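Structure file run.pdb; described as PDB, C-alpha atoms.
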```
ATOM      1  CA  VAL A   1      17.753   7.795 -24.589  1.00  0.00           C
ATOM      2  CA  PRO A   2      15.757  11.063 -24.314  1.00  0.00           C
ATOM      3  CA  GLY A   3      15.617  12.164 -20.688  1.00  0.00           C
ATOM      4  CA  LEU A   4      17.952   9.420 -19.472  1.00  0.00           C
ATOM      5  CA  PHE A   5      20.460  12.222 -18.889  1.00  0.00           C
ATOM      6  CA  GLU A   6      19.127  15.486 -17.466  1.00  0.00           C
ATOM      7  CA  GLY A   7      19.629  17.915 -14.602  1.00  0.00           C
ATOM      8  CA  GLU A   8      22.474  16.869 -12.315  1.00  0.00           C
ATOM      9  CA  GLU A   9      23.536  14.007 -14.590  1.00  0.00           C
ATOM     10  CA  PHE A  10      23.671  16.191 -17.701  1.00  0.00           C
ATOM     11  CA  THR A  11      26.345  18.213 -15.892  1.00  0.00           C
ATOM     12  CA  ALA A  12      29.002  15.526 -15.431  1.00  0.00           C
ATOM     13  CA  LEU A  13      28.055  14.016 -18.792  1.00  0.00           C
ATOM     14  CA  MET A  14      28.624  17.214 -20.771  1.00  0.00           C
ATOM     15  CA  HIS A  15      31.951  17.970 -19.088  1.00  0.00           C
ATOM     16  CA  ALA A  16      33.194  14.421 -19.638  1.00  0.00           C
ATOM     17  CA  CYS A  17      32.166  14.940 -23.265  1.00  0.00           C
ATOM     18  CA  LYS A  18      34.392  17.932 -23.999  1.00  0.00           C
ATOM     19  CA  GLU A  19      37.073  16.224 -21.911  1.00  0.00           C
ATOM     20  CA  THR A  20      37.011  13.290 -24.327  1.00  0.00           C
ATOM     21  CA  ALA A  21      36.538  15.555 -27.338  1.00  0.00           C
ATOM     22  CA  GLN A  22      39.733  17.490 -26.613  1.00  0.00           C
ATOM     23  CA  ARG A  23      41.636  14.197 -26.487  1.00  0.00           C
ATOM     24  CA  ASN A  24      40.309  12.884 -29.805  1.00  0.00           C
ATOM     25  CA  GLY A  25      41.286  16.284 -31.168  1.00  0.00           C
ATOM     26  CA  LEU A  26      37.762  17.674 -31.401  1.00  0.00           C
ATOM     27  CA  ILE A  27      36.794  21.039 -29.910  1.00  0.00           C
ATOM     28  CA  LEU A  28      33.146  21.025 -28.822  1.00  0.00           C
ATOM     29  CA  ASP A  29      31.562  23.780 -26.726  1.00  0.00           C
ATOM     30  CA  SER A  30      27.798  24.006 -27.263  1.00  0.00           C
ATOM     31  CA  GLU A  31      25.858  21.307 -25.407  1.00  0.00           C
ATOM     32  CA  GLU A  32      23.981  20.414 -28.594  1.00  0.00           C
ATOM     33  CA  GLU A  33      27.228  19.767 -30.467  1.00  0.00           C
ATOM     34  CA  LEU A  34      28.506  17.750 -27.506  1.00  0.00           C
ATOM     35  CA  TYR A  35      25.436  15.518 -27.299  1.00  0.00           C
ATOM     36  CA  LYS A  36      25.785  14.464 -30.940  1.00  0.00           C
ATOM     37  CA  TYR A  37      29.349  13.456 -30.100  1.00  0.00           C
ATOM     38  CA  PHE A  38      28.208  11.476 -27.060  1.00  0.00           C
ATOM     39  CA  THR A  39      25.410   9.796 -29.016  1.00  0.00           C
ATOM     40  CA  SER A  40      27.731   8.764 -31.849  1.00  0.00           C
ATOM     41  CA  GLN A  41      30.319   7.386 -29.425  1.00  0.00           C
ATOM     42  CA  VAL A  42      27.697   5.052 -27.968  1.00  0.00           C
ATOM     43  CA  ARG A  43      26.457   3.953 -31.391  1.00  0.00           C
ATOM     44  CA  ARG A  44      29.929   2.502 -31.984  1.00  0.00           C
ATOM     45  CA  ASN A  45      30.808   1.057 -28.565  1.00  0.00           C
ATOM     46  CA  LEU A  46      27.685  -0.456 -26.997  1.00  0.00           C
ATOM     47  CA  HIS A  47      26.723  -3.521 -29.055  1.00  0.00           C
ATOM     48  CA  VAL A  48      23.623  -5.026 -27.444  1.00  0.00           C
TER      49      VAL A  48
END
```
Same coordinates, now as structure tokens:
Amino acid sequence: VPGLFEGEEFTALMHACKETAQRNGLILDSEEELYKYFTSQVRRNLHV
């Protein structure tokens, strides 16, 4: 959701992203590479 996460939110989100990435054995630094990871994770965990 474009904009849903921005500013203050985007901070915790990004960190929690690389925190999860390291676990799954995936090294992600750039915020753009991290977002793709976050987006994909939701695509296969939400189910509306």
Notebook entry, point to check: Mind listing as a PyMOL selection string all residues within 12 Å of (33.4, 24.1, -24.9), counting only C-alpha atoms?
Noted result: chain A and resi 14-22+26-35
Check: What separation in Å, quoted to one decimal, exists between CA of residue 25 (chain A) and CA of residue 6 (chain A)?
Finding: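 Atom-to-atom, CA of residue 25 (chain A) and CA of residue 6 (chain A) are spaced 26.1 Å apart.
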Next item on the list: Run the PyMOL selection byres ((chain A and resi 1-3) around 12) against the file shown and list the residues it catches, as a PyMOL selection string.
Entry: chain A and resi 4-10+35+38-39+42-43
Selection to disk with C-alpha atoms, as a short mmCIF file (atom, residue, chain, number, x, y, z; two decimals), in the frame of the given file:
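Writing the result to again-v6.cif gives the following:
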```cif
data_model
loop_
_atom_site.label_atom_id
_atom_site.label_comp_id
_atom_site.auth_asym_id
_atom_site.auth_seq_id
_atom_site.Cartn_x
_atom_site.Cartn_y
_atom_site.Cartn_z
CA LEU A 4 17.95 9.42 -19.47
CA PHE A 5 20.46 12.22 -18.89
CA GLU A 6 19.13 15.49 -17.47
CA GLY A 7 19.63 17.92 -14.60
CA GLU A 8 22.47 16.87 -12.32
CA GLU A 9 23.54 14.01 -14.59
CA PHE A 10 23.67 16.19 -17.70
CA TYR A 35 25.44 15.52 -27.30
CA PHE A 38 28.21 11.48 -27.06
CA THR A 39 25.41 9.80 -29.02
CA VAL A 42 27.70 5.05 -27.97
CA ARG A 43 26.46 3.95 -31.39
#
```
